[PDB]
Amino acid sequence: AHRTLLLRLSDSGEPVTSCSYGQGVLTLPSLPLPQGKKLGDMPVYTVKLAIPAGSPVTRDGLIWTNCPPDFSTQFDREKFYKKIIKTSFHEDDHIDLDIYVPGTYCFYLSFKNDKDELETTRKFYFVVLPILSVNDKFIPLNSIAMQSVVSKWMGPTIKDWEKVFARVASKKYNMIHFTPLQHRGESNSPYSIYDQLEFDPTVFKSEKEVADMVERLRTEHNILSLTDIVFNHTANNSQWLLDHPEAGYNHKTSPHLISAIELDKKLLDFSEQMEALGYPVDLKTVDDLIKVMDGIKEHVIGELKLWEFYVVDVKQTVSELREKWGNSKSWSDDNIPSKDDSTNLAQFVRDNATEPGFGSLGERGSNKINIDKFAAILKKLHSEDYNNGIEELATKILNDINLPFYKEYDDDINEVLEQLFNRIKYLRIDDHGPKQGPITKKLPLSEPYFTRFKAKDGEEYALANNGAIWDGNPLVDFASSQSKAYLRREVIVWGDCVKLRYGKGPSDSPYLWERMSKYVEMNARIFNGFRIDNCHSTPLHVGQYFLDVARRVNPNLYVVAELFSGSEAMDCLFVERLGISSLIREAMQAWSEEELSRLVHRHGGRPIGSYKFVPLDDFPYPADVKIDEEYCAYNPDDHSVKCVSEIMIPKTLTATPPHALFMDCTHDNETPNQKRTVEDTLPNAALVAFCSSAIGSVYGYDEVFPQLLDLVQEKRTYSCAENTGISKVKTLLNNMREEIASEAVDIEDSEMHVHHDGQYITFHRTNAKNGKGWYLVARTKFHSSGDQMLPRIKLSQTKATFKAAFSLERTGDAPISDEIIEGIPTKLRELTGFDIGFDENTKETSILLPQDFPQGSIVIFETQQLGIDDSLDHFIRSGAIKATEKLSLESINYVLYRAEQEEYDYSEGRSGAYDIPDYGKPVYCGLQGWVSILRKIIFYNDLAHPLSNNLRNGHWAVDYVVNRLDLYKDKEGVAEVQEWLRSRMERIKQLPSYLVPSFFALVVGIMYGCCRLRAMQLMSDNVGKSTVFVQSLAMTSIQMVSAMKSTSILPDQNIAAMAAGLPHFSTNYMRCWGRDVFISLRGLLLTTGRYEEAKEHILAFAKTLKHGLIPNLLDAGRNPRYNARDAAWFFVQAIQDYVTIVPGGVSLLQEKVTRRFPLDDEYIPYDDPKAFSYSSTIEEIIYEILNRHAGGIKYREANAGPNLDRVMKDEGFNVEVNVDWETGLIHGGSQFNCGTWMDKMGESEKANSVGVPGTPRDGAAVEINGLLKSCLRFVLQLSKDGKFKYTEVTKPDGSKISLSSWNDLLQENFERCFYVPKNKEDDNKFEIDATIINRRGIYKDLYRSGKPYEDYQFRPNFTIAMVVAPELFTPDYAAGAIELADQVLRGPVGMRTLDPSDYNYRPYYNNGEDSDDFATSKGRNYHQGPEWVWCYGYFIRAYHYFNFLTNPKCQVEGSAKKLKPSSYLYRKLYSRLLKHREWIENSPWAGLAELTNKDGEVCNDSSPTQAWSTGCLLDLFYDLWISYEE
Amino acid sequence: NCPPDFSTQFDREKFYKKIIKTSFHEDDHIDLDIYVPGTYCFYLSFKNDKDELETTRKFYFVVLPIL
Ligand SMILES: OC[C@H]1O[C@H](O[C@H]2[C@H](O)[C@@H](O)[C@@H](O[C@H]3[C@H](O)[C@@H](O)[C@@H](O[C@H]4[C@H](O)[C@@H](O)[C@@H](O[C@H]5[C@H](O)[C@@H](O)[C@@H](O)O[C@@H]5CO)O[C@@H]4CO)O[C@@H]3CO)O[C@@H]2CO)[C@H](O)[C@@H](O)[C@@H]1O
Ligand SMILES: OC[C@H]1O[C@H](O[C@H]2[C@H](O)[C@@H](O)[C@@H](O)O[C@@H]2CO)[C@H](O)[C@@H](O)[C@@H]1O
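So the protein sequences, as listed, match chains A and B. When we follow the authors' numbering, the leftmost residue of the first sequence carries the number 3, and every step to the right adds one. When we follow the authors' numbering, the leftmost residue of the second sequence carries the number 68, and every step to the right adds one.
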């Protein structure tokens, strides 16, 4: 059906963690194949790789992976296959990896670097677990019960072994771990394997003999089998070690150990003649201890030549100086240090005149000096004649060279004998190991560090034997040249075993790799898996190769490993590359009760009430996505991985901690009888069995054997005594886990709580799906530590049921037989007296233990959380899509957003946002306010967050989500969304309190994603198919477009009105601004597809025309202050954008509005019969704007006075506009007016700025004139097609000018007036006064301005003209001018409003400063430094256009021979949008800010989400889409 | 760069798509309807043996005027 997982990648190709589970591995969940399907009928899993659009990896990117393309192809570690990444600046690319067989798979990405070179990422691995079945019943990996049995203690017959099989089958173990069933070595230790390819001749005689026995275990007792596989060593008496001695490290293969060889055979030879002089041959005195140390000091150390292995032979080098003095005898460069600095001169010969391998160990005289270069230096430093003090000088230098080698020797020798008398002490003088036997040939004082033998070839070789250094990184081969452990005697050896020298591959040891390969695949044909002892000491490349050979034989190979590397990161890396399926954890390692509770806590599961993952505001919602319309397209027989909700966003693949196999006792650790007591066997195994993982035990733990069985010596056989000790309880524990294994699946599905009080340990296993759970109270018996009483156990909203209870008591000591390993007689008494009280009011269960509950006892309770059944998950994950069926792009605003000021409008100031105690209020009243807070909470499972605490303290926030929609119930689809929330929140309140936070965030997250998907479906294709960043930008359209009660765009009705920004531009007269609305109209309404909403805004604002201008402040239809010279031209530009984009957009021109003002610029009140009066067409409105400007405007603001503006002076109200008809430019404004987008009127009475504009833009502004040229071009081609009637324009005196002539006037004079030439020799043709100038190569910001220096200020306003009227700019002038803005005026998110090099530059805006500074006080800096985000949009829109025309590197051949931008340009565009994507990601408001202080500094006064901030970035994405993506 | 119909004007650099019907047996025939005399050219794009995009030369043909 659907076995697909989503693996999202970052911009650097690294996998993205969906949740924080800790250091882990991309493991895919172990699930059975579909009903009646084998390996190869279909892919086991499909990993959907998601690459971000426009990311640096997409540039000529390829996905490499060693995943075979089909089931027919075998797996190869180093054969990677190509996959092409479909590059796009809008749409992410998805690449499927079909996997047909479990194993280890990795992937890396290759791409074109920014240096046009090739670059490669890391290799990222992911493990597909094997499928474990016995006959035809699937065995979940976390329900494995493994019984480890040692071969040599099971009897001499195959049927005598099958007696042991029946015993462990009654205890209901489902897996048996075998110590290697091969022919054992001399010492008969199970791990010293004589021959790897031959089984034990005593029991088996063929491979089929063991294969039939293992298959018998499968069909008879329903038990799988696996063995140990030994890679690191082999027995010291293998006949192939004689035939092929190079398989281990010897004096030929590893020459550095020659020094350690001559020391090992110097001690076996010493211990054999030791007794002759032996003052303390075998004693236990303090004087005895020192006398053997003196014997070591004098009999071997003094007889080992002072060790020339380090020291250069002093006199034998001087002898080799006179011998050929007269050959190569000359040096050159003066870098030879003076003899005064003896240290520098001594090491200078070390770096220059030395033989290969200086410092390293090897042969006896391994460290040597190159004589021919040394004598050449001696002749250059002292004299060419030898007798001139060379014998003195050459010896002085060599002695100084050997000074560090001598101190390297004294530090080595001290560690040689300190390790000796500290090891001989414990071995002989019994501290904890009684073994003071007289030195024999079997047991000398020296442990054989090297196994000596005579081979074929003639030579007598000397291989060593592995072991373990006490402390040290296990990744360092103690036999390799990097370690000095065999020399300094820092190795605890195993004489039974012998080195296995693998190299970099099969080339260093051919026969060893071929033998181990055939040895691995032999056991792979028979058994179900392997066990690797000390896997951390086996090299990676060695373990990788052989485990892959095994998986080719047994595709369902189950790998266990005792892995204790340096850290958790190295443990995960070994699990990643080797394909380990389970890690061994030992419960006997816990020294105290608290360490056991912490060990059990690590492998028990997740906390109770843990948050569930949901796609939120960080996912793409493709409008064309498949949907489980009622979460019903699932069949239990398909065994498909489920999506999170009705939306079919597949299950995310995230790193999870590697699976654990918890062993209550292995075959190497001491018995509970030894480390603790025998009674602890019951509570220890119960705590382990309750963990949500695989469990196991060694044979004898359940049968309470007295002490740890010596794997080397002991020959006794396991007892056939049945049903001893815990055998009854393990049958219960394993049978109970079989009931749980049927439904428990992933990591979020099993929860846990563990408590430790004194000697008691509490375990509460809970299934998060149905609410069924187990409660374990286990009193541990580490020591007999007196009576302890456990307090009253309290379970909230839960009912408990007694299951079973036992006590383990000791009845004397164990028998002492020489034939049979018999355990300690124990009584298993069932317990009673447990009182389970249930309060029928508070629904609280209390549990009291009886006083007869001795240490070493347990009691298991079956428990069930109240309010949860099996049908709870389906009821929450269904119906939300049908509930959002009737939602509109307007109605989604009330479900998801609504600021507190917007909510006060509908609620008259009564409601607002829910206040979270000890935190604050969410940013929006809708679901977005919750999602913005919950995403970080769900990611970290922060159950201690103030919101998490409040959710389980009561149902206030639960009812708040449902009760909000009463304000907007009458709107389209909101009622059905509220009913889905009402029914689901009602069902949630019936749950336990501690489970409400996880379920509250799940219901809110599901409805949010359905509302966000519904939005992408209602929008256009370019938005509903793009990256999260583009869709997040598009959701700002829903944040701003809303219906209100205190304001609107129409004076007679209350309809949808685009707000300027939230929350400070949303209510009353502060909401609608004509300048802002039509700058954002193309991005928020046209790019998104809200064509009808864009028409309503154009028509409504057209009604409020006056003075041939559009009002800055639109109060619906009453008092619309006309303080704007900028607004009317952005308005007429939005009309062109409407007609250009909307199909049949020319119909807007003939739309009849009811112009609420007379043609003559007068003043009619709201209630006036002359308000409706006449009708106006958009054709007429556009012409009225063009001709009124040309004909000369003349007006003073109506109702001027303190009532209008409390700061504007009287002369400021009379602002005017006229067209200079020699240039075509539209000038206008005064130094007392602020009629541009930089609208800041001073209001500081302490700085004396009241009424003084901070940025008065009087004269010709680049924005106004650029929009004028675009409007003229639009109406010219409009008449050429027959859509515009008017073609004449009258000038103030009375003459007529054709509209074409006005367009030609600007075309011929715009660049001449504004452009500042970069060379001073061209200043004579561009109307420039060079005395007042800042930088050259700049398009001016103003023309004929009141302040002449403000004319030449570098401001981002010229880019608006570059976007709307590119014909006014010669390409090379515009490209160089906009490159200056990129280096100087471009901030990280916002565009610097003023050149930082200017003297008026104050980039910090703090409206509320009461100082005497003419700028900082009362926020006059508004547009004099601060970085605005919308100007960034117009900047990059023209940065892309003019770099595409100028720079030849920004162009590449396209289909149909249309010039398309290069990846070099897309790379530069993508980089300049990273800060915007980070901003909208990590902001509580799901948008982009209005303003930013200097260099990205957050401005508190800035509105956190602004309409035209995100709308101008959507303009760029639509530009690249509508022009190239065809 | 042949216009699709007589209403569409001629552009030197605006080329139009035509799909080649691949077959191992049958050749494909693609018609180029010309409505006005002038200079017309055609080139072919295809998937290279390197799985890349490759283009042939521009091949011109002249339709003489009617006098
Ligand atoms: O209903 C009648 C109406 O009459 C009066 O309205 C006028 C104001 O008195 C008058 O000052 C003016 O308001 C203008 C202002 O002159 C102009 O410079 C501009 O102001 C900036 C602010 O300087 C700036 O700080 C910022 O204000 C934000 C602030 O940063 C933010 O942190 C938060 O506090 O919200 C503030 C806005 O509420 O941005 C603005 C806007 O760019 O624009 C102002 C609005 O046009 O002209 C008004 C014309 O009606 C009375 O004063 C008013 O109370 C009456 O309701
Ligand atoms: O010239 C006054 C005008 O420009 C200043 O900028 C430059 C100036 O253009 C240079 O000639 C020289 O004087 O360095 C000045 C910067 O220190 C001021 O920045 C500007 O505010 C002023 O109006």
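Yeah, the Cβ is synthetic: ideal placement off N, Cα and C, and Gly gets one too.
Buried/exposed call for residue i, threshold 16 Cβ in 10 Å
i, result
"residue 1122 of chain A", "buried"
"residue 222 of chain A", "exposed"
"residue 392 of chain A", "buried"
"residue 634 of chain A", "exposed"
"residue 1401 of chain A", "exposed"
"residue 247 of chain A", "buried"
"residue 1291 of chain A", "buried"
"residue 416 of chain A", "exposed"
"residue 1314 of chain A", "exposed"
"residue 1454 of chain A", "exposed"
"residue 1332 of chain A", "exposed"
Cβ-Cβ separation, residue j to residue i (assumed contact under 8 Å), whole Å
i, j, result
"residue 903 of chain A", "residue 1160 of chain A", "Rounded, the Cβ-Cβ distance is 35 Å, inconsistent with contact."
"residue 1155 of chain A", "residue 1147 of chain A", "No, residue 1155 of chain A and residue 1147 of chain A are not in contact; Cβ-Cβ is about 16 Å, not under 8 Å."
"residue 169 of chain A", "residue 724 of chain A", "6 Å"
Which listed residue (the options) has its alpha carbon closest to that of residue i
i, options, result
"residue 779 of chain A", "A:1232, A:787, A:773 and A:767", "A:767"
"residue 659 of chain A", "A:579, A:570 and A:602", "A:570"
"residue 271 of chain A", "A:1382, A:1135, A:442 and A:549", "A:442"
"residue 1338 of chain A", "A:1258, A:812 and A:1386", "A:1386"
"residue 334 of chain A", "A:369, A:380, A:301 and A:362", "A:380"
"residue 646 of chain A", "A:640, A:631, A:657 and A:639", "A:631"
"residue 941 of chain A", "A:372, A:562, A:18 and A:567", "A:18"
"residue 1354 of chain A", "A:1368, A:1399, A:1311 and A:1369", "A:1399"
"residue 1440 of chain A", "A:1381, A:1419, A:1395 and A:1480", "A:1381"
9 Å Cβ cutoff, residue i in contact with chain B
i, result
"residue 1455 of chain A", "yes"
"residue 86 of chain A", "yes"
"residue 1458 of chain A", "yes"
Strand pairing of residue i, partner residues [DSSP]
i, result
"residue 1345 of chain A", "A:1262"
"residue 1312 of chain A", "Its beta-bridge partners do not exist; DSSP assigns none."
"residue 745 of chain A", "Partner(s): none; residue 745 of chain A has no beta bridge."
"residue 184 of chain A", "A:201"
"residue 1220 of chain A", "A:1229"
"residue 780 of chain A", "A:763 and A:860"
"residue 720 of chain A", "A:823"
Within-9 Å CB hit, residue i to chain A
i, result
"residue 99 of chain B", "no"
"residue 114 of chain B", "no"
"residue 117 of chain B", "no"
"residue 120 of chain B", "yes"
"residue 82 of chain B", "yes"
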